[PDB]
Amino acid sequence: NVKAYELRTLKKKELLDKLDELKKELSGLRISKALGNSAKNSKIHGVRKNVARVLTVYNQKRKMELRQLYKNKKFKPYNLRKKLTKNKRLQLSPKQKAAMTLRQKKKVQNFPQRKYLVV
Amino acid sequence: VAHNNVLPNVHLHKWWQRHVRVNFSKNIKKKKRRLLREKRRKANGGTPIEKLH
Amino acid sequence: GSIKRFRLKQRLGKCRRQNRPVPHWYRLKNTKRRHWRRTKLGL
Amino acid sequence: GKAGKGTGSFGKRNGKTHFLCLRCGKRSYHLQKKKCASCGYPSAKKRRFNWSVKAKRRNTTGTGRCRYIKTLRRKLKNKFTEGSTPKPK
Amino acid sequence: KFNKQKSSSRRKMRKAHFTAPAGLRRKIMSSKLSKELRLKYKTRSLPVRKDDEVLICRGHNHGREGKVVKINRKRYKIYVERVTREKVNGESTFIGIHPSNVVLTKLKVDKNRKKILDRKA
RNA sequence: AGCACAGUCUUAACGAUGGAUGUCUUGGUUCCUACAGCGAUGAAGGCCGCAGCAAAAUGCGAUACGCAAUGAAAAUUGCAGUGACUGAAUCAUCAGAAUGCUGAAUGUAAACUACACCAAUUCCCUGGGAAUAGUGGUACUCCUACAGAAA
RNA sequence: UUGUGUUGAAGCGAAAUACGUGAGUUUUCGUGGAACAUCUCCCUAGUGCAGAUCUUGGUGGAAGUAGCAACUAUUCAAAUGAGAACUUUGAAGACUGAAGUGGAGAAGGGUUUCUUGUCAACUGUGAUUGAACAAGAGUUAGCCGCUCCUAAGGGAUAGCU
RNA sequence: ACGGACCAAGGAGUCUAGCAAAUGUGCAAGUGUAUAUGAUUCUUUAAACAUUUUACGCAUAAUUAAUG
RNA sequence: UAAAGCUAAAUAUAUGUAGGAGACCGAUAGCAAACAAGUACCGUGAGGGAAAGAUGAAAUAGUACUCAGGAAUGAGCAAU
RNA sequence: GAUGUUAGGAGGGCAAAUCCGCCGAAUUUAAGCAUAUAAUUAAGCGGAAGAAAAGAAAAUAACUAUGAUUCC
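Here the protein sequences line up with chains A3, AL, Ae, Ac and AZ, keeping their order. Here the entry's author numbering runs 2 ahead of the position in the first sequence, where the first position is 1. Here the entry's author numbering runs 1 ahead of the position in the second sequence, where the first position is 1. With the entry's author numbering applied, the third sequence corresponds to residues 2 to 30, 38 to 51, in that order. Here the entry's author numbering runs 1 ahead of the position in the fourth sequence, where the first position is 1. Here the entry's author numbering runs 1 ahead of the position in the fifth sequence, where the first position is 1.
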């Protein structure tokens, strides 16, 4: 019954081998359950949770690695790109909407909305 | 019609359940408007919201 | 029919699985159950 | 004589007409013309109507599992940035 | 009462009480703290633990006191080690007491409880 | 040990099937307020699966009644077994990873788990060593930029 | 406004030297196990039932009555089990008379298939049987078919409304 | 002549707009404060309170197709 | 001063969600659905579409023991 | 204009209470019924937002004139 942080430091090859041997052990426990045995049925849940955690840490490591491979470059793959909503992605940029012509820009700069108080 | 009454003049001959809408929310809408305008003037650094006409 | 499609055979397996009764030890803590002849699955 | 309008006729039911309707899953996919009756699987839309309150509400959204929509619910209140993680200990 | 943000409706709150998660039932599983402990720990109450020493002061069995054995948040009950009762089959099991009827007189300090008594301090 | 015509009806007391009346309510209804789209980045819906002993419903997607992480933080227990003296047993939040087959379904059809064609494909190590017949792509319309042909 | 409530309220059954003229009110006994009234004045309403071939739910007489009728027909001994006209074995007499209650198959049904236990309900009679219930088990293809080609035809592509 | 085998529960002149009449009330040649405005009201408060020296409806004067 | 174009507020919500309320209904009532509900079920289909809440403070007090019967079940001096 | 498994991007369907266009009835009333009325409604088809649509006069008055649009 391994834990997450104590795997968060392992090398990928050892992690994969650990996963393979855990799968083999789980298969053996399934053999035991299927055959007339009814004793070792408990540890199967622990094994099925161990393999899940190992897979999760492996997948997260792979995701960080394959994000690091593609720093910036303005052409991130679609899955590695944003996952906002459709009309958020297709929404006008804030700079795009705030952009305005020199005519009105100059007019507003010369005559801005201004604070004041009365007697 | 029955004897000495005004001639009926009811314009309800068409469907009107479809369009009846009473206003329970008069006073609370008034309160909401008050709060909104108060916040609008408070956020404006004390400058009166009203304009000369 | 002695000839059946794959999805039809799988669905028949699913329905037979559904026909199984409630386990005993759970009751220590059903009504939707058909009969092979009384009710026709229709599928 | 023997195949009359009643039981005699009733005895000849074989070779059905409707089937699984891959989209709906209901048994309203007529086979002799390749078209469903609930959705119309060859067609594009879902074949909705407004004269059928039941056929609207018993199949309207919210009935099913709602994998993605009820996941993207209650993310509005967080309004977090995707790709961000809570600060560790 | 005064805040309109928090509902006061019988149904809408009793439902919450019954279906509340165990993480919230831990809060309600509490009871009164003894008089000496009150002035010793500047607090009024604290939840129960599996290895606490409590005095029972209500119901048909309000005379004894002993260390608790186990709690059960599914039934809202706590069990004390000495007020057991036998059944018809001859098996003996601990009777169930609602925490409101008992007062703690000695509680097992812990790393976890030190900081909660700090935040109570 | 003996006495009662029977049957029909009526009245009282004691009981049988039935579940109103009376009382309860994790329910509903109406009204008020607040926010508001989802989707070729694979939608809603539907099939198929998932537990030690597991049918339904709830939940979940080959990490399958839950994984990671944050907070709360000691029980879960029907039997079994799992837990420390707290990134662990159990809760709430959930942004990280995953998210089968489908489905507008999109390589070619469907009462098929049918058949193509192009790249062989991926992992591990930091130029090699493995593995798998397994993996991606190929709908129609349209816009911008590119190419070689026409007149 | 002002009380009753675990020394048992609401309800309900029986009833009252009880009151009214009458809707009804008020009481005693039994049962009951948690709320109840205001008639001090008033405000409000999904408010008072015998019916509508009223609706929902339950119960009668009719009545232990009609009836349990086609497909010729069963009899004995034993086992089984507490139980046997309708389970099993043997004897005997018959029938179905190859257009068969015989074998294979199609559409349809979808585990009814087999084994071991099995009688709460059903098998309109009994029932140990079972197409019932419970727990397990069972469908092996280069050659049997599908997958292939084409028909009356369907759908769709270009254009056209 | 038609409905009623029996029992328990449910079961039907209600609501809205407009007018008129009868009654009670306030005010009275005026009346109503509408939308809406302000307030140390802001559980109950979706109610009560309040309305700087022509807003309107209805009434004060009728009549004729109509200039009036 | 038409035959070109843009724009927040004052306004609507029998949808979805999340909160809060009530001179509303109280299990034939209230949404069809207080419970395993758009479920069982019916129709080849468009579609139609129900019935079913309350032991008890605690079942961690759910009927142990004896006798009779095959068992159901029954009786006790036995027992919650 | 063609051609492109050319590079880069979009559209398709679900969901409707409020909203936006088209098409488009009858039941009914008129005590009959055909104009009319139900109704520029129901049904159908197609399209978005958190609000939309309308909006800066080819306006209204006729007066000592007002002055985008929307809503009570």
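Just so it is clear, CB atoms sit at the ideal spot from N, CA and C, and this is done for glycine as well.
Residues of chain Ac with CB under 9 Å from residue i, in chain order?
i: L51 (chain Ae); result: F20, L21 and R28
Expressed to the nearest angstrom, what Euclidean distance is found between the alpha-carbon atoms of residue i and residue j?
i: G46 (chain AL); j: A122 (chain AZ); result: 43 Å
i: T58 (chain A3); j: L86 (chain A3); result: 24 Å
i: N38 (chain Ae); j: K20 (chain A3); result: 44 Å
i: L47 (chain AZ); j: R41 (chain Ae); result: 50 Å
i: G26 (chain Ac); j: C40 (chain Ac); result: 10 Å
i: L53 (chain AL); j: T62 (chain Ac); result: 53 Å
i: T8 (chain Ac); j: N15 (chain Ac); result: 14 Å
i: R35 (chain AL); j: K43 (chain AL); result: 12 Å
i: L21 (chain Ac); j: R21 (chain Ae); result: 24 Å
i: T94 (chain AZ); j: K42 (chain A3); result: 30 Å
i: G84 (chain Ac); j: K28 (chain AZ); result: 35 Å
i: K30 (chain Ae); j: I79 (chain AZ); result: 20 Å
i: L77 (chain Ac); j: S32 (chain AZ); result: 39 Å
i: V21 (chain AL); j: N10 (chain AL); result: 19 Å
i: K41 (chain AZ); j: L118 (chain AZ); result: 12 Å
i: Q62 (chain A3); j: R66 (chain Ac); result: 27 Å
i: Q70 (chain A3); j: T86 (chain Ac); result: 17 Å
With distances taken from CA atoms, which of the options is nearest residue i?
i: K25 (chain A3); options: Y7 (chain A3), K13 (chain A3), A54 (chain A3) and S44 (chain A3); result: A54 (chain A3)
i: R86 (chain AZ); options: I98 (chain AZ), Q6 (chain AZ) and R39 (chain AZ); result: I98 (chain AZ)
i: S44 (chain Ac); options: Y30 (chain Ac), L73 (chain Ac), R14 (chain Ac) and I70 (chain Ac); result: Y30 (chain Ac)
i: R45 (chain AZ); options: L105 (chain AZ), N73 (chain AZ) and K115 (chain AZ); result: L105 (chain AZ)
i: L17 (chain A3); options: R32 (chain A3), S40 (chain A3) and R64 (chain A3); result: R64 (chain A3)
i: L23 (chain Ac); options: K3 (chain Ac), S10 (chain Ac) and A38 (chain Ac); result: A38 (chain Ac)
i: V84 (chain AZ); options: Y42 (chain AZ), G91 (chain AZ), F19 (chain AZ) and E66 (chain AZ); result: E66 (chain AZ)
i: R114 (chain AZ); options: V49 (chain AZ), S9 (chain AZ) and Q6 (chain AZ); result: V49 (chain AZ)
i: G24 (chain AZ); options: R74 (chain AZ), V103 (chain AZ) and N90 (chain AZ); result: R74 (chain AZ)
i: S35 (chain AZ); options: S8 (chain AZ), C58 (chain AZ), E82 (chain AZ) and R76 (chain AZ); result: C58 (chain AZ)
i: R10 (chain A3); options: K75 (chain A3), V56 (chain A3) and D22 (chain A3); result: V56 (chain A3)
In three-state DSSP terms, what is residue i?
i: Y30 (chain Ac); result: strand
i: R86 (chain AZ); result: strand
i: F11 (chain Ac); result: helix
i: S46 (chain AZ); result: strand
i: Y60 (chain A3); result: helix
i: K107 (chain AZ); result: strand
i: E39 (chain AL); result: helix
i: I117 (chain AZ); result: helix
i: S101 (chain AZ); result: helix
i: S34 (chain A3); result: helix
i: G60 (chain AZ); result: coil
Does residue i have its Cβ less than 9 Å from a Cβ in chain AL?
i: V121 (chain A3); result: no
i: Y118 (chain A3); result: yes
Between residue i and chain Ac, is any beta-carbon pair separated by less than 9 Å?
i: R18 (chain Ae); result: no
i: residue 36 (chain Ae); result: Residue 36 (chain Ae) cannot be placed in this structure, since chain Ae goes from 30 to 38 without the numbers between.
Please check if any C-beta of chain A3 sits within less than 9 Å of the C-beta of residue i.
i: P49 (chain AL); result: yes
i: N45 (chain AL); result: yes
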